Enquirer: 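For reference, the structure I am asking about is given below.
Order of the sequence lines sets the chain letters (A, B, ...), proteins ahead of strands, with each chain counted from 1.
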Number of protein chains: 4
Amino acid sequence: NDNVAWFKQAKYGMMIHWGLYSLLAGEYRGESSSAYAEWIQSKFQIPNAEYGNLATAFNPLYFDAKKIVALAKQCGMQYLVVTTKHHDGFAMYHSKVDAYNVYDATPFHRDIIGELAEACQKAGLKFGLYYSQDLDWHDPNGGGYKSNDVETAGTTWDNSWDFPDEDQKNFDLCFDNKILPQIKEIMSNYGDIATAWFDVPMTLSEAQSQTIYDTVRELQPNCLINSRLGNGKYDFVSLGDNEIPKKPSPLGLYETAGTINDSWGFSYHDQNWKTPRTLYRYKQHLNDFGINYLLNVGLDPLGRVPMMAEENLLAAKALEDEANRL
Amino acid sequence: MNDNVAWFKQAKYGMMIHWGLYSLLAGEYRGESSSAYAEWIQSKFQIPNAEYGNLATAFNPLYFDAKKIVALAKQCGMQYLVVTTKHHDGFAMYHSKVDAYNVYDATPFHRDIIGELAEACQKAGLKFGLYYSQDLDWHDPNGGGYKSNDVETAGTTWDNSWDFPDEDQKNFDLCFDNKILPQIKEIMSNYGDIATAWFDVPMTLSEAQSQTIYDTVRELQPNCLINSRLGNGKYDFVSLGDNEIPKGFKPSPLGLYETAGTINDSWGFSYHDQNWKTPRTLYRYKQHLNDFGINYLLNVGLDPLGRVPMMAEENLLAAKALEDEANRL
Amino acid sequence: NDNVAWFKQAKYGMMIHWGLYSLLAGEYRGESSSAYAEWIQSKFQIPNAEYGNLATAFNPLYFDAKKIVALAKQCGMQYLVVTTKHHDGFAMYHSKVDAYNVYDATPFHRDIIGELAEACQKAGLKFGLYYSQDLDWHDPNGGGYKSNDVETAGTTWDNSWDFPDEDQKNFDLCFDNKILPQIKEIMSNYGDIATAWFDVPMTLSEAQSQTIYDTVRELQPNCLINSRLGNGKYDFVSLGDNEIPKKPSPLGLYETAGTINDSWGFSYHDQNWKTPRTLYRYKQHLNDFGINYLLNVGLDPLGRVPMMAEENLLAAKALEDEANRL
Amino acid sequence: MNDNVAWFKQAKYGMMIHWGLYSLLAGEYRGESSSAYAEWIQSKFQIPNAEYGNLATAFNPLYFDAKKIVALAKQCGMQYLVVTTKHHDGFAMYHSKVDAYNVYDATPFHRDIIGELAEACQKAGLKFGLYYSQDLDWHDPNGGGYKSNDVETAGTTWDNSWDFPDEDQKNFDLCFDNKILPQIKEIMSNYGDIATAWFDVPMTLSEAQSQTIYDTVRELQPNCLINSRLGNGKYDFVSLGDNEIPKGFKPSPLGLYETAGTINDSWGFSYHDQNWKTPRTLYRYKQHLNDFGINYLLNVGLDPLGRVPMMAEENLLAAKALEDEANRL
């Protein structure tokens with residue numbers, strides 16, 4: 001597509017983390033999440049019955065996709081990527097296949113992904129999706145259960161507390177019944193999807209990885225795919241910073257994702273916001289190396305960009321504009 | 001007797017709880033900061049009652065647990081707990097017969113917070129006090145404040161001057177008769193023995209109205225000790241305000257004194273306010289007040305899920321450990 | 001002078017707090033100063049022999065008046081006011097009358113006020129002076145000793161610890177021997193002085209107040225004088241914020257002084273920096289009411305503008321420029 | 001015996017001290033932040049030795065008091081104290097015969113910090129350990145690091161590649177023979193019994209040179225327990241690095257283990273780093289390490305006046321109170 005040229009020149013995007021984890025805001029029964037507040041269910045092994053109950057309290061009165069996209073646009077971000085479903089397995093769109101979602105399970109009773117997809121269409125911002133194709137703590141057969149020999153931002157990679165029978169788990173059950181169906185949903189509704197963001201597989205076959213690639217290719221012909229999916233199945237390489245000089249990308253497309261503070265999900269204890277000058281300088285450094293900066297905002301329980309995140313994005317923009325006048 | 005006088009003389013330490021619709025905004029409104037006082041946020045931004053009240057539809061504090069809150073208070077050596085029955089925004093945190101603008105009728109939560117705390121205290125053996133905003137009520141067309149705006153606040157005007165912008169056609173008596181006295185009767189009649197009563201310094205309240213509340217409390221709660229703030233003849237202990245603390249003055253004839261503070265700089269929960277007093281500051285202040293025969297009433301602003309903030313709990317518990325250490329050495 | 005017109009249009013100035021208190025940086029023997037780190041000697045009643053000993057450690061290797069004035073200039077500040085001598089009584093210039101000064105008492109062995117006066121001359125910034133004409137904790141007969149019935153940011157207003165004989169103290173001794181002589185020094189050397197900043201007298205006669213007024217008028221004909229001096233003896237009223245609407249100034253000249261964090265002097269525990277947006281908005285509000293914003297920087301022990309102060313001034317400038325383009 | 005082995009098994013808790021020229025910059029250089037590691041600041045900004053060394057002329061820590069530091073350590077139940085004799089910047093914090101780039105010869109202070117701490121520990125009955133950077137030395141033309149820059153650091157290059165930019169003409173042997181071995185002999189001979197010895201993992205040091213230091217320490221300080229970091233045959237306790245802590249691995253044949261941490265995120269003092277671990281975090285970590293037979297070596301980065309930062313002292317003391325409370329309950 002002309003989508004390859006467009007990504008080469010896009011430079012700057014907004015990432016959005018939002019889900020049930022946002023209501024706990026980095027805190028559980030007087031104890032801190034790790035740096036990663038969105039991992040809180042794994043960190044404290046919160047039973048699905050309890051964690052899911054957060055859905056009943058999810059009523060973000062101040063959520064406004066128009067205002068979020070406007071902010072992104074004012075900062076010169078040319079695209080927006082959003083959590084359709086994180087490791088906890090809660091869909092932030094109206095999933096036909098699973099009622100564990102913002103639309104069916106919450107007083108809010110609205111499709112977040114829908115409102116953001118629309119807001120982007122009208123503002124002329126491309127629209128990307130993140131989806132956790134491997135881990136699903138809500139699914140009896142969610143991924144992670146053949147790869148716990150490594151430490152996480154929680155405890156185990158899988159829901160080992162609600163489903164403590166690793167040897168009687170089968171990821172295929174989860175892949176066939178939830179993963180592929182939900183990927184079809186998000187890739188079919190919500191119009192043109194410019195970017196697709198999957199996790200590095202731990203517990204899914206080359207087949208399953210190839211399957212998602214094909215499903216995305218068929219459904220969203222122009223959709224650029226994050227390297228994390230698999231060694232043959234991508235269009236741009238997501239760089240982790242220590243991979244940047246002073247994973248072959250044949251299209252020459254590169255993205256580095258970061259957050260303004262230290263968490264992806266909202267965390268009221270994390271006030272360690274990168275200063276405007278840090279945000280601007282990092283953006284400048286990545287852009288000069290032909291790397292897109294995908295900068296994460298973790299929306300708060302009322303659906304708001306935290307005050308200091310908004311302030312710092314806007315001040316970073318002012319510094320950039322000032323510097324482009326010289 | 002009122003052996004309640006002797007008990008207050010020796011109580012030394014209490015928990016205060018601020019909680020209401022303001023807690024959901026958590027010191028933030030449309031990208032902008034509340035003042036140090038997050039509970040004033042409606043006045044600060046002149047949030048129309050229609051919008052602010054809509055917060056009630058989002059109030060579902062899944063983790064609220066009066067037992068756990070009272071247990072914490074008890075573990076820190078606090079002998080009583082005082083709670084916001086209704087703050088300046090005029091939203092009742094109990095099941096008010098007289099006004100449906102309350103936690104029970106207006107919220108998914110559909111529960112009486114004052115009730116659960118009153119019970120939790122009974123069972124734990126902690127006295128139970130009440131705070132009520134008898135003068136300001138931003139929800140009431142004729143709420144107080146509208147004859148006293150010549151002075152600055154933690155918001156804008158003292159009264160709801162935005163929804164009700166006709167200062168010259170306002171009458172507080174309407175509000176006093178229809179909401180204030182009735183609600184004070186409610187909280188002073190239900191929820192059992194009330195050990196402490198906390199009113200604001202009147203701005204827009206006659207001597208009559210002040211005397212009326214005094215009498216109502218005296219009749220309903222014979223042993224209830226009353227905060228000086230109410231009125232110059234109408235109290236049992238003087239609440240001291242920081243600059244009134246030892247190294248005009250209102251006579252305390254019973255010798256009873258209380259200073260209220262917060263752990264951070266806000267009474268209501270505020271995400272942006274992480275300026276928690278260290279355990280050593282909490283302990284030292286408590287010790288200083290207690291040595292001058294002053295009770296320390298220390299405020300916790302519960303978060304939107306009904307939780308004591310992690311750093312508030314940590315700091316209370318560490319302050320307790322320092323105190324115990326010091327009482328062994 | 002054309003100095004009246006110039007102040008009406010100046011809008012923005014840098015204030016500098018710096019002295020021995022800066023080395024303690026808000027901390028003494030494991031205990032915190034108040035919000036006002038420069039009050040630390042009074043707060044802990046540090047004996048003059050000990051506090052003065054800080055002079056032996058005062059070697060600010062990174063002090064650079066050119067760089068400080070450049071920053072001020074880049075932020076659009078049109079003048080710079082500096083502590084010649086704060087309540088602790090230590091002169092930050094080469095005082096003939098008292099060797100308790102940066103030049104004579106410190107390894108640094110340099111005139112701070114001199115270097116700043118020069119840097120301002122060359123950059124085309126006006127140059128103002130602050131001087132504590134009443135309190136002097138180093139002087140046996142320093143002020144404050146007839147007015148302790150009120151609380152301070154320390155303990156007593158006077159040095160009541162080294163000199164504990166209030167009834168045998170005589171401020172005239174201090175006024176004649178240190179105050180008037182030092183005011184003559186700072187008002188005679190260091191060239192044109194655009195602004196003069198005295199404290200509200202507690203313990204000095206109408207005579208003594210009139211005397212300083214006259215001395216300034218004679219020495220610095222065009223020097224605009226801060227209302228704090230006395231009810232007949234000023235050119236602009238210094239406003240304290242809660243005095244601003246929604247002290248008659250007949251020239252129509254107004255100044256409000258603030259700090260970026262909560263302290264005037266450097267305080268390593270005070271990281272409560274006003275955000276760029278707060279600084280810019282406050283400046284805008286004061287300027288719209290015809291009030292000059294005098295914004296304080298408390299230099300650190302090495303003579304540096306703290307990193308977050310510099311960042312926040314520069315970002316506030318970028319926001320202002322952005323807003324002036326619209 | 002070496003009853004020093006039994007003593008380390010039961011010691012549980014030690015104070016580490018970082019202090020040097022880097023402490024005066026306090027995590028800041030020309031308007032810019034050090035990394036999390038303020039002590040790396042010279043490498044981070046490639047500060048020429050002429051300039052960085054000039055900091056020595058400003059080093060006059062009027063409030064340094066080894067007695068008070070050791071007293072604090074003792075009150076927190078720390079049984080030993082380890083100190084930076086010389087960090088990567090190559091500045092000795094003792095009176096080195098072999099190199100005048102030291103606190104005694106180069107600074108107004110004109111005093112041996114290692115000496116005063118060694119004495120203070122003797123009198124208080126605390127063991128005394130030493131840290132020394134045997135490989136990196138940014139002051140030495142032939143300092144280590146110059147054959148291992150393919151990996152990222154808390155600064156820029158591992159070696160001083162800015163003052164000495166001729167990697168291909170550098171020879172570490174020059175540095176080892178003339179500065180490293182001589183200085184290790186100095187610190188291991190003066191300052192009395194040395195209980196603990198802390199070297200960096202070699203990058204640019206032969207087996208010979210590693211064995212040499214081992215032997216030198218063994219000869220000079222028979223009872224000195226040596227940190228695993230030195231070399232795979234040349235140690236007595238394994239220093240565990242966080243991700244090595246229980247819920248390849250190097251065998252500890254004596255069963256001796258140490259984990260070093262800091263209270264905030266820096267080893268050296270940093271004005272901008274106020275991210276102090278809470279007392280409850282300190283206590284819990286100590287408890288967890290101790291239960292797995294691991295000693296907690298907890299670092300304090302002294303400020304330019306030689307002071308334990310106020311929040312470091314507060315947090316150590318509050319952590320102690322929590323520990324004592326928990327050991328009564």
Enquirer: Within a strict 4.5 Å, meaning less than it, do heavy atoms of the B:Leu136 and B:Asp159 side chains meet?
Expert: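 No. Closest side-chain heavy atoms not under 4.5 Å.
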
Enquirer: Would a line drawn from the ring center of B:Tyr104 to the ring center of B:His110 be shorter than 6.0 Å?
Expert: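 Close enough - the centres of the two rings lie under 6.0 Å apart.
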
Enquirer: For B:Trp138 together with B:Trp40, are the ring centres under 6.0 Å from each other?
Expert: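 Ring-ring flag for B:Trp40/B:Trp138: true, centres closer than 6.0 Å.
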
Enquirer: Could you tell me if B:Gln209 and B:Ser206 have a donor-acceptor pair between their side chains, going purely by distance under 3.5 Å?
Expert: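 The answer is yes; a qualifying pair exists.
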
Enquirer: Is there a side-chain contact between A:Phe58 and B:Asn60 (heavy atoms, below 4.5 Å)?
Expert: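 Side-chain contact under 4.5 Å: no.
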
Enquirer: Please tell me whether B:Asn275 and B:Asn264 have a donor and an acceptor in their side chains that are separated by less than 3.5 angstrom.
Expert: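 Side chains of B:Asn275 and B:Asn264: no pair found under 3.5 Å.
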
Enquirer: With the threshold set at 4.0 Å, does a side-chain nitrogen-carboxylate oxygen contact exist between B:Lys179 and B:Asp99?
Expert: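 Yes, charged N to carboxylate O under 4.0 Å.
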
Enquirer: Look up atom NE2 in B:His18 and atom CG in B:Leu302, then write down how far apart they are to the nearest 0.5 Å.
Expert: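 Going from NE2 on B:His18 over to CG on B:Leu302, the span is 11.0 Å.
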
Enquirer: What distance do B:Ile213 atom CD1 and B:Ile184 atom CD1 have between them, rounded to the nearest 0.5 Å?
Expert: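 It is 4.0 Å, given to the nearest 0.5 Å.
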
Enquirer: Checking ring pair (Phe, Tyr, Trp, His ring centres under 6.0 Å) between B:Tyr285 and each of B:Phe292, B:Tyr13, B:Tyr296, which is the one that passes?
Expert: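 Checked B:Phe292, B:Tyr13, B:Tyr296 against B:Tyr285; only one passes ring pair (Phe, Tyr, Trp, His ring centres under 6.0 Å): B:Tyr296.
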
Enquirer: Look at the aromatic rings of B:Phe176 and B:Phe172 and report parallel, tilted or perpendicular, splitting at 30° and 60°.
Expert: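 Aromatic pair B:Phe176/B:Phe172 classed tilted.
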
Enquirer: So do D:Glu325 and D:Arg328 actually touch side chain to side chain, heavy atoms under 4.5 Å?
Expert: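 Yes, their side chains come closer than 4.5 Å.
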
Enquirer: So, B:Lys12 and B:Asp291, do they make that salt bridge, N to O below 4.0 Å?
Expert: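 Result for this pair is no, no salt bridge flagged.
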
Enquirer: Does any non-hydrogen side-chain atom of B:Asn295 lie less than 4.5 Å from one of B:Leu256?
Expert: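 Not touching, per the 4.5 Å side-chain cut-off.
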
Enquirer: Judged by modelled atom types alone, do B:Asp273 and B:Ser266 share a side-chain donor-acceptor pair under 3.5 Å?
Expert: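 Note: B:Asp273 and B:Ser266 side chains miss the donor-acceptor criterion.
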
Enquirer: Counting heavy atoms not belonging to B:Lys67, are there more than 12 under 6.0 Å from its NZ?
Expert: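 No, the 6.0 Å shell around NZ holds no more than 12 heavy atoms from other groups.
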
Enquirer: Counting only N and O atoms by type, is there a donor-acceptor contact under 3.5 Å from the side chain of B:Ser43 to the main-chain atoms of B:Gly155?
Expert: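 Answer holds: no.
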
Enquirer: Dump the intermediate steps for ring pair (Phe, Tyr, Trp, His ring centres under 6.0 Å) on B:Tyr131 and B:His87, then the final yes or no.
Expert: CA-CA 8 Å; B:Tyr131 166 87; B:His87 210 281; 5.3 Å; yes

Enquirer: Give, for atom CG of B:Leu21 and atom OH of B:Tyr52, the distance between the pair rounded to the nearest 0.5 Å.
Expert: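 Taking CG in B:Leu21 and OH in B:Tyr52, the distance rounds to 5.0 Å.
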
Enquirer: Given D:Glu323, which partner from the list D:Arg280, D:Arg284, D:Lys286 fulfils the salt bridge (charged side-chain N to carboxylate O under 4.0 Å, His left out) test?
Expert: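 In the set D:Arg280, D:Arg284, D:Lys286, the residue that makes a salt bridge (charged side-chain N to carboxylate O under 4.0 Å, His left out) with D:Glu323 is D:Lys286.
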
Enquirer: Determine, using ring centers only, whether B:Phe8 and B:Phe237 are less than 6.0 Å apart.
Expert: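 Under 6.0 Å, so yes.
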
Enquirer: Looking only at the side chains, is there a donor atom on one of B:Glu258 and B:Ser239 sitting less than 3.5 Å from an acceptor on the other?
Expert: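 Per modelled atom types, B:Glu258 and B:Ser239 side chains form no pair under 3.5 Å.
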
Enquirer: For the pair B:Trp267 and B:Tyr37, name the ring-plane relationship: parallel under 30°, tilted 30 to 60°, perpendicular over 60°.
Expert: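 Perpendicular.
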
Enquirer: What I want to check is whether the side chains of B:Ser133 and B:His88 have a donor and an acceptor closer together than 3.5 Å.
Expert: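 Per modelled atom types, B:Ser133 and B:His88 side chains form a pair under 3.5 Å.
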
Enquirer: Could you tell me if the side chain of B:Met311 sits less than 4.5 Å from the side chain of A:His269, heavy atoms only?
Expert: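 SC-SC contact between A:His269 and B:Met311 ruled out.
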
Enquirer: Shortest non-hydrogen contact from B:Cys175 to B:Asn142?
Expert: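 Reported closest heavy-atom pair: CB-O, 3.3 Å.
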
Enquirer: CD/B:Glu116 to CE/B:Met93 distance, rounded to the nearest 0.5 angstrom?
Expert: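 Output value for this atom pair is 10.0 Å.
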
Enquirer: Indicate the ring-plane relationship of B:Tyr94 and B:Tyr191, choosing parallel, tilted or perpendicular according to the 30° and 60° boundaries.
Expert: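 It falls in the perpendicular class, over 60°.
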
Enquirer: Are any of the side-chain nitrogens in B:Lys86 or B:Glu39 under 4.0 Å away from the carboxylate oxygens of its partner?
Expert: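 Salt bridge between B:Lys86 and B:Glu39, a charged N being under 4.0 Å from a carboxylate O: no.
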
Enquirer: Check for a donor-acceptor pair, side chain of B:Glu186 on one end and backbone N or O of B:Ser96 on the other, with a separation under 3.5 Å.
Expert: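 No; judged by distance alone, with no hydrogens or angles, the pair does not exist.
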
Enquirer: Side chains of D:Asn315 and D:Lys277, heavy atoms from C-beta outward: is any pair under 4.5 Å?
Expert: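 No - every pair of side-chain heavy atoms lies 4.5 Å or more apart.
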
Enquirer: Between B:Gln221 and B:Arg218, is there a donor-acceptor pair closer than 3.5 Å when you use the side chain of the first and the backbone of the second?
Expert: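 A pair under 3.5 Å: no.
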
Enquirer: Just say parallel, tilted or perpendicular for the rings of B:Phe109 and B:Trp19, cut-offs at 30° and 60°.
Expert: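 Perpendicular, since the angle between the ring planes exceeds 60°.
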
Enquirer: Using a distance-only test with no angle check, is there a side-chain donor-acceptor pair under 3.5 angstrom linking B:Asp324 and B:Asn327?
Expert: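 B:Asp324 vs B:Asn327: no donor-acceptor pair found between side chains.
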
Enquirer: Contact between B:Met15 and B:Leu297 at the side-chain level, heavy atoms closer than 4.5 Å - yes or no?
Expert: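 No, every pair of side-chain atoms sits at 4.5 Å or beyond.
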
Enquirer: Within the structure provided, determine whether B:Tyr132 and B:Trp198 are in side-chain contact (heavy-atom separation under 4.5 Å).
Expert: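 In short, these two side chains do not touch, never coming nearer than 4.5 Å.
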
